[PDB]
Amino acid sequence: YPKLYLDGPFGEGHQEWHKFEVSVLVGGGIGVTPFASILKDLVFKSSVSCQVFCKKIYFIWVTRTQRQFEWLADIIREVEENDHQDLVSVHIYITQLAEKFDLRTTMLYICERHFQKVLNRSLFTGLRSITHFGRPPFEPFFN
Amino acid sequence: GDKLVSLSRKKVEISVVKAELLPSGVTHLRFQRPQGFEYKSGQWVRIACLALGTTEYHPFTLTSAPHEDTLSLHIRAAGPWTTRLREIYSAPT
Amino acid sequence: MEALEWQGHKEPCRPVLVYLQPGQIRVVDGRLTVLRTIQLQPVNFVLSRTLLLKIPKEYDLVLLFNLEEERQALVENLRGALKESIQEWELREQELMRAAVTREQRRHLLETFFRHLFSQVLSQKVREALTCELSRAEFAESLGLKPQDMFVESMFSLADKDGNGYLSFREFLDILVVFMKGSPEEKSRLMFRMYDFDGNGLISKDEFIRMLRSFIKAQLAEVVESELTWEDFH
Amino acid sequence: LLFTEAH
Ligand SMILES: Cc1cc2nc3c(=O)[nH]c(=O)nc-3n(C[C@H](O)[C@H](O)[C@H](O)COP(=O)(O)OP(=O)(O)OC[C@H]3O[C@@H](n4cnc5c(N)ncnc54)[C@H](O)[C@@H]3O)c2cc1C
Ligand SMILES: NC(=O)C1=CN([C@@H]2O[C@H](COP(=O)(O)OP(=O)(O)OC[C@H]3O[C@@H](n4cnc5c(N)ncnc54)[C@H](OP(=O)(O)O)[C@@H]3O)[C@@H](O)[C@H]2O)C=CC1
Ligand SMILES: [Ca+2]
Ligand SMILES: [Ca+2]
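Laid out in structure tokens, this is it:
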């Protein structure tokens, strides 16, 4: 493999969710890539530390289709497998119209609602998280 | 613009756990750490004490390690504000 | 040998190398990174320094060459290679270019194919798209999964009724209507058929643990411990 | 309980 030139972190990574006991992390479109690292760091922090002020994390992923972000499904799978304190609750919202579904979206739909799970995990992805189809109800969820 | 930036930040309000009148005119203040207060070594904060009726903010280096539960400051008696702070924190209650 | 691969007017051509296995043909980048592998089972050619090999099921493979002699040598070798296990035309460069269906046109055809399939599960272009068979690689890519994945292999082998290595519209429609409108007993039967690799009517403990790991050694065995036929699995 | 139900 060729060698890379790396310019260090420019993020200036506010971690304000640690300031709150309960936090809701909302990701949309391409603005969901950092949440993989965020969730992995959160689950590691809650695994190594006991009295973490952040008692519960809600990760609301909102996307049209999971194309180019299928790796995020595996990352969420490993995060929920390593979530030994039920810190992270993941909710995926596929907002694609039913007529414009691709093969992956239809497979997700049928495995979520037209096919029984095995260990409460969908046969397609393997996530204990529930995947929804439509606009996420932010107001009723917050209520 | 600098005044507006300063106003943008929200100043937390905390209580002092312990006050020590260390010799050579030094005041050691241990006070409650804010819930979301995360800092690195060598960083400094600003403090104000309304007991002097001044609302004046002065910078002081955090002498406490980030792994601790409370924040500590070692304030030297340099002038009016520091001397008044030492005098007010000399007595309990 | 070296050649140039054309992927449409918009997409630039790239230098590739062609290898001829006894039954398979490999188009592999000069870095030795495999790009395409095609299998011949008992194809047409178009000549122009342009050689258009028309794949009946997948997108056509067209090659450009520095000289006509190199193309002639390649076609002479390929005729013997394919005859070991055949029609040729003489067309112009523009005619050969327009007679090929590239990757982008295949993607559009698959898009309308999936559109009609999902519309049915819940006209010239429609008929042309519906008369196409999806390869395993295309099926995996449309699923968003790797070609060598347990779910894609299980579903592709289970859905391939004739087992020709390609998935047609009819099989996909039947399996999708089974998934959507099938009875719970029928859904359990479909899951049982997809779970067993050998398909001998029973699930082995090792095979059941393999299916569990597919869903994702001692831990899996302990989980399985707490054969199993159709009724037992249900 | 959480009211997670898309529109
Ligand atoms: C980044 C930083 C960190 C510091 N950390 C500490 C600490 O951990 N412990 C400690 O004892 N002292 C510290 N100081 C010293 C700081 O100046 C004190 O707040 C100061 O001694 C208070 O002076 P006074 O108003 O009581 O007396 P003054 O009579 O005002 O003191 C006169 C001197 O104090 C300085 N000074 C006064 N007010 C301010 C202000 N608002 N900002 C900057 N400088 C001022 C002036 O430069 C002057 O030289 C720090 C200063 C800086 C800039
Ligand atoms: N932090 C940031 O500043 C970020 C900015 N962006 C910007 O957003 C732009 C578009 O992002 P893109 O990559 O296309 O993401 P997408 O639009 O592909 O996905 C975003 C998701 O949010 C939903 N959504 C989008 N717009 C609205 C809206 N107005 N109201 C309600 N729901 C909405 C979409 O559902 P549906 O389409 O079904 O309505 C979609 O599922 C980009 O130009 C990018 O610059 C993106 C990510 C992070
Ligand atoms: Ca077939
Ligand atoms: Ca079997």
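Protein chains in written order, with the UniProt record's numbering: chain B, 1361 to 1503; chain E, 1262 to 1354; chain Y, 644 to 685, 689 to 694, 700 to 736, 740 to 776, 791 to 884, 893 to 902, 914 to 921; chain U, 1012 to 1018. We put the CB at the ideal spot given by N, CA and C, even for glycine.
Any non-hydrogen atom of ligand 1 closer than 8 Å to residue i Cβ
{"i": "residue 1289 of chain E", "result": "no"}
{"i": "residue 1321 of chain E", "result": "yes"}
{"i": "residue 1334 of chain E", "result": "yes"}
{"i": "residue 1300 of chain E", "result": "no"}
Distance CB(residue i)-CB(residue j) smaller than 9 Å
{"i": "residue 670 of chain Y", "j": "residue 683 of chain Y", "result": "no"}
{"i": "residue 1322 of chain E", "j": "residue 1334 of chain E", "result": "yes"}
{"i": "residue 1336 of chain E", "j": "residue 1287 of chain E", "result": "yes"}
{"i": "residue 1402 of chain B", "j": "residue 1414 of chain B", "result": "yes"}
{"i": "residue 745 of chain Y", "j": "residue 704 of chain Y", "result": "no"}
{"i": "residue 741 of chain Y", "j": "residue 690 of chain Y", "result": "yes"}
{"i": "residue 716 of chain Y", "j": "residue 647 of chain Y", "result": "yes"}
{"i": "residue 1461 of chain B", "j": "residue 819 of chain Y", "result": "no"}
{"i": "residue 1448 of chain B", "j": "residue 1438 of chain B", "result": "no"}
{"i": "residue 797 of chain Y", "j": "residue 766 of chain Y", "result": "yes"}
Buried versus exposed, by CB contacts within 10 Å (16 or more), residue i
{"i": "residue 1426 of chain B", "result": "buried"}
{"i": "residue 806 of chain Y", "result": "buried"}
{"i": "residue 644 of chain Y", "result": "exposed"}
{"i": "residue 1285 of chain E", "result": "exposed"}
{"i": "residue 803 of chain Y", "result": "buried"}
{"i": "residue 1305 of chain E", "result": "exposed"}
{"i": "residue 722 of chain Y", "result": "buried"}
{"i": "residue 899 of chain Y", "result": "exposed"}
{"i": "residue 1487 of chain B", "result": "buried"}
{"i": "residue 1464 of chain B", "result": "buried"}
{"i": "residue 1492 of chain B", "result": "buried"}
{"i": "residue 1433 of chain B", "result": "buried"}
Neighbour flag for residue i against chain Y, beta carbons, 9 Å
{"i": "residue 1470 of chain B", "result": "yes"}
{"i": "residue 1486 of chain B", "result": "yes"}
{"i": "residue 1456 of chain B", "result": "no"}
{"i": "residue 1393 of chain B", "result": "no"}
{"i": "residue 1474 of chain B", "result": "yes"}
{"i": "residue 1426 of chain B", "result": "yes"}
{"i": "residue 1363 of chain B", "result": "no"}
{"i": "residue 1400 of chain B", "result": "no"}
{"i": "residue 1493 of chain B", "result": "no"}
{"i": "residue 1478 of chain B", "result": "yes"}
{"i": "residue 1443 of chain B", "result": "no"}
Check: residue i C-beta below 8 Å from any heavy atom of ligand 2
{"i": "residue 1424 of chain B", "result": "yes"}
{"i": "residue 1371 of chain B", "result": "no"}
{"i": "residue 729 of chain Y", "result": "no"}
Residue i Cβ short of 8 Å to ligand 4 heavy atom set
{"i": "residue 872 of chain Y", "result": "yes"}
{"i": "residue 806 of chain Y", "result": "no"}
{"i": "residue 865 of chain Y", "result": "yes"}
Check: residue i C-beta below 8 Å from any heavy atom of ligand 3
{"i": "residue 835 of chain Y", "result": "yes"}
{"i": "residue 1443 of chain B", "result": "no"}
{"i": "residue 842 of chain Y", "result": "no"}
{"i": "residue 828 of chain Y", "result": "yes"}
{"i": "residue 839 of chain Y", "result": "yes"}
{"i": "residue 832 of chain Y", "result": "yes"}
Residue-level contact to chain B via CB, residue i, 9 Å cutoff
{"i": "residue 1012 of chain U", "result": "no"}
{"i": "residue 1299 of chain E", "result": "yes"}
{"i": "residue 776 of chain Y", "result": "yes"}
{"i": "residue 773 of chain Y", "result": "yes"}
{"i": "residue 1293 of chain E", "result": "no"}
{"i": "residue 655 of chain Y", "result": "no"}
{"i": "residue 1304 of chain E", "result": "no"}
{"i": "residue 855 of chain Y", "result": "yes"}
Any C-beta of chain U under 9 Å from that of residue i
{"i": "residue 1490 of chain B", "result": "yes"}
is_contact[residue i, chain E] using C-beta, thresh 9 Å
{"i": "residue 1376 of chain B", "result": "yes"}
Residue ranges of each alpha helix (DSSP H) run of no fewer than 4 residues wholly in the UniProt domain "EF-hand 1" (815-850) of chain Y, ordered along the chain? 818-827 and 837-849
Beta strand (DSSP E) runs contained entirely in the segment 1407-1449 of chain B, provided each spans 3 or more residues: 1416-1423
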